[PDB]
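Novice: Take this structure, written in structure tokens, and hold onto it; I'll ask about it next.
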DNA sequence: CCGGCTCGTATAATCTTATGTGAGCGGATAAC
DNA sequence: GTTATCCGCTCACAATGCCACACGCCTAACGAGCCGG
RNA sequence: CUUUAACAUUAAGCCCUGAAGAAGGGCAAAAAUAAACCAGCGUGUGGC
Ligand SMILES: [Mg+2]
Ligand SMILES: [Zn+2]
Ligand SMILES: [Zn+2]
């Protein structure tokens, strides 16, 4: 029907089924097919469902339209349309009751969770193997106690009429309604208030939440068991018309026939007083038959004749890649469409495409019919059909009137990102292929290798106007993933423009003088002066530094004839120094980009067209071919290979004498072949790039070459140094598929021949790369599918949330070069707070403005290192994202409008380039200030600097204050310098030992042995070839039971032998000793201030991004600190080693367990702040969230995923990854109960908690306390309020079972739901629809 | 002169190169 | 002893899109049919 | 015994609307439900 709100779901009562149906099927036969009338009371019928033909009795009595409503008596068939055959249900009244298969085997077992009874027991009740007891009463036995035949017989001896024990589905049906619901809830609530054990509280909170949701619905525990089973309207499972004889049956019809045969046989056996064994067996057969009908997968049994495939049950018509969500309710086939192969056609403009004439007559047939019947050239529709099937000459003029302003959508099939479908205007072509403008071809990522494209037609008025405004190809220049133009001129235009704008030192007409650029053109056409000969010309140029107008300026510049020709298509704005250089690929790309920045939109489009036209024209007049004498072999290749063979023979002889081992032999050979390959490549590149010597009109000079493939590489059209390296120099080192890299490299190039073995070796890398591509495609597609499932319901919905939180951005520095500066990251995001000038108390930026480009430069000039800026993850708006929390939009210019469905474009921007992926001393480098962060150090006796703080960090600074470089300075290392010591570059400023942990002291004196007994705790090991016998101290577990209860310790004393206190505190720090602690300076030996007491020895591709957005737990994570306090070890081997951290003021209830196998960092007297590392390794983000706050997990995810995308040169803006992070941490647990109705262990979406706390804080009550969860993206999709949006995604079965038990109700808000139903989307245009509806509802 | 043959048709049965997850449940396992 | 945990076994559920093309989708024995021997 | 005998027909309701004994209904009770005539899905291959 129409005008309906939210969809409601619940269980279905038997009386509801009798309210549905229109008759009772009794006979299992479909049709007689002697005559093809349907059999009465079969699966097909006419009295039950409806008329076979239109408006006719099956008897054939009433055949007139004016007899509607009155049924026949010859056939009992209501004279109605055959659409009624699509819509009337049927019912079957079963003999025995029957268990539903989903509620038994969803696995959370709904019956088993409800009755508190294990699943296997209920299974061997339902399949007739046991008994249950139903109100035994004055009986030894209990209720849920189950038996066998022997205990049942012995009970019949004992309590022969007391207990009531049944079996089969009737017994479970008896147990279900015998149970109350209120008493179980109140009893188990009192029991949960009388329980402290955790797992019992888990199970009981599950059971009472099940019961409370089950009572707050409408339904009952009787309804999980079927009694009356409904059947589908028989047009919806149609009988296949074959050719000759019989009709081919579907799967549903065979399953219903089997069920009805079994039901009739059981009903007759009940009619004749059958013995008990046979009716038990028959009820088991009927239960198994209904379990085969509803879902064939739990018992994979029903297979048909001549095709041993599982038949398609009703649940198989919903799941999978062919059920009604993925197949038919999202991707529908569409009329007015078409398909062809494509073809270039370089004469087009940017906003049009080539359309075949005949196919365009075929598409627009109704518009043609309307134009013909308008102009009087026809009267009926059949006259118009005859005229357009004759293809008379008036029809082509009519078709050209139909085209003129009516755009057409074009599409390429594996659509990744939102530039995949675009709208053009048509230009008619007598042909059979679709022409397509060549600049757009990079955006589609189209070949011309046979790639096919498709055509759709917008046909209403709003669709034409949207395809003109929102989607015409003159409106998509910048990319939504990053603000870069997608209209880069490709390979051939690059070659043309690079060949035009060069120079050579002696040509025709060199050094003459010219008037305009057009006289240089007239000299090029006549053949008087060549295309590139240097010449002084006169140029006028316009500069718009005047505030909104143009300033002329005329001068004489030393330039080239080709550059003067190219200047004629540059518009008024740009300065002449944009076309004075050699103009490769990136140069003309930034030419287009600066033309977009300074002038606007329309000169950018028309300038890209003029560039494409003249680039193809002069690429034609070049004649740049390629030939076998354009690949210059070096003259020095032969002796380099000879010297490499001499060196490998010498290393082979040094291995043969036995001096060098095999691994170092391997390493020397691979190093010298790497060096030889690099030398040959250097020689060939130096021989190609500059060999061209030409006569000056003096003697000789040098210049950049005019060789063919060097122009094809130096312009950046096709190829790199690597491909042109393999063509003439030798090719690399081929690696075998085991993972090793082979000894002998391929000594030959491609211009010479390869022999048999070397080609056979190269085949390995070929097939490896091909298989990698073949699997990488599918994995990227699946990950894109899941991300756009997650982020779909999120729309920029209001203007200004108006908060004062956010994040702090600093330009990222690994320690090598600064990877991303502050300009590129925080271009175009709205400032959180007023970042002050380095001139203090001077407002450099207002707190609530937008960092546009000029403003970004004026922020850059004062060398700001950290800017605070508003993110999406802290935006305040319920059910959406505020506008100023998201900033300016990519692919357009200004701030984002209210409605842009940013979650979908974000998921596409992450998931689009997924195909391109794959599947001992600190040394400063420049001069600046030396800053050490979290440093607490002391100079020892030997002048070295040992640090008593773990978290020391190195910052190389300039004179300004911005960070030049950064490194990590370990705890207590060998430091060549101190803090703030102004040093210069190239300096190794630090060192340490990777096999010695610092057990450094704090005072001077002696070190004495407390509980360090040789034979109990410590051992005396003599280094047998040096002479310094030392002591080795283990931990408690590695030594035996003689020192297991003992704790060895190096007690820090003075030279007298007494504990000198730490300067600042009053605590003696005796040093208890961990394992592998080699104590060198023993008792009686004087120590220093912080001296080494004990020496202690110790992915990346696409699945990294997959395992990160799943947020799955890494192996052996890093233990953090829960709250600050003094560390204290405790009891050993109660599973693990205990640890108690005592706060300064609060108590210490948490006594954390640590596997003593894994190592540790902190010491006993040491105390650390919360969230700090204990055992090194990977980290799960759960801990990062619950300890370091909310922004920390966003920064961790952004930096890691952005490292994986910076490794391949892929540039993706950060706000997309932020708005994917927001949809991951939306659920929440509750810590208290609060003052409202929320339970404690209640998982609940955060925004409802936030509006509940806002409503309670409006009054004077107390709120609730919540811990923000963090789920995987598939777990976040699969737990959503809309039960449609979780049904369309994977595991539809479990979602429909849980949603049908709970009886939910889906508001239809979001994108995916309204696509399913088929009204306007609440995202784009139609957003302005929905709130216009919403104010209609509330008022 | 009913079904022996011959046909219309309704309906029952002895794999064996996969991976990675999560999620749950039965059996051991370390304490007052 | 008995109780609250830890761990190994078993099992459901996912794995891009589109295109063309092409050939496939029962029968030994239980209720009727013909009429010969 | 004086010139052919025979007048029959007892059974189906009550109430409302309606110009009526013109007609339209409900309730106490029940056997029995030709024609003149507008006009698919499951395997394989290949491509991107
Ligand atoms: Mg291609
Ligand atoms: Zn009829
Ligand atoms: Zn906000």
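One-based numbering along the chain as shown.
Any Cβ shown, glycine's included, is placed from N, Cα and C.
Checked Swiss-Prot, it gives:
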BINDING   A:57, A:59, A:72, A:75  Zn(2+) 1 binding site
BINDING   A:447, A:449, A:451  Mg(2+) binding site
BINDING   A:801, A:875, A:882, A:885  Zn(2+) 2 binding site
MOD_RES   A:944  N6-acetyllysine
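Help me understand the surroundings of these features in the structure.
Specialist: In this structure, residue A:59 (Zn(2+) 1 binding site) belongs to neither helix nor strand by DSSP; it is coil.
Under the DSSP three-state reduction, residue A:451 (Mg(2+) binding site) is assigned to coil, being neither helix nor strand. Its Cβ taken as reference, residue A:451 (Mg(2+) binding site) is surrounded by 14 other Cβ atoms within 10 Å in the chains shown.
Taking all protein chains in view, 18 other C-beta atoms sit within 10 angstroms of the C-beta of residue A:801 (Zn(2+) 2 binding site).
Secondary structure at residue A:944 (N6-acetyllysine), as computed by DSSP, is coil.
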Novice: Counting Cβ atoms within 10 Å across all protein chains shown, which of the binding-site residues A:72, A:75, A:875 comes out on top?
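Specialist: The residue with the densest Cβ neighbourhood is A:875.
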Novice: I want the residues beyond A:447, A:449, A:451 whose C-beta is within 8 angstroms of the mean position of the Mg(2+) site's C-beta atoms, in chain order.
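Specialist: Going along the sequence, the neighbours appear as A:446, A:448, A:450.
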Novice: Tell me which recorded positions (A:59, A:72, A:875, A:882, A:885, A:944) have a Cβ under 6 A from ligand 1; sequence order is fine.
Specialist: none
Novice: Can you tell me which of these recorded positions sit near ligand 2, meaning the Cβ is under 6 Å from at least one of its atoms: A:75, A:447, A:944?
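Specialist: If the test is a Cβ under 6 Å from any atom of ligand 2, the answer is A:75.
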Novice: Near the Cβ of residue A:885 (Zn(2+) 2 binding site), how many other Cβ atoms are there if near means within 10 Å?
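Specialist: Counting Cβ neighbours of residue A:885 (Zn(2+) 2 binding site) within 10 Å gives 29.
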Novice: Go through the recorded positions A:75, A:451, A:801, A:882, A:885, A:944 and pull out the ones with a Cβ less than 6 angstroms from some atom of ligand 3.
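Specialist: Listed by sequence, the hits are A:801, A:882, A:885.
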Novice: Please report the distance from the Cα of residue A:57 (Zn(2+) 1 binding site) to the Cα of residue A:885 (Zn(2+) 2 binding site), rounded to the nearest angstrom.
Specialist: 67
Novice: Specify the secondary structure state of residue A:882 (Zn(2+) 2 binding site) as given by DSSP, simplified to three classes.
Specialist: strand
Novice: Taking just the CA atoms, what is the gap between residue A:875 (Zn(2+) 2 binding site) and residue A:449 (Mg(2+) binding site) in Å?
Specialist: 48
Novice: Under 8 Å Cβ-Cβ from residue A:882 (Zn(2+) 2 binding site), six or more apart in the same chain: what's there?
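Specialist: Same-chain residues close to residue A:882 (Zn(2+) 2 binding site) (Cβ under 8 Å, separated by 6 or more) are A:796, A:797, A:798, A:799, A:800, A:801, A:802, A:875, A:876.
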Novice: Cα-Cα, whole number of Å: residue A:59 (Zn(2+) 1 binding site) versus residue A:885 (Zn(2+) 2 binding site)?
Specialist: 71
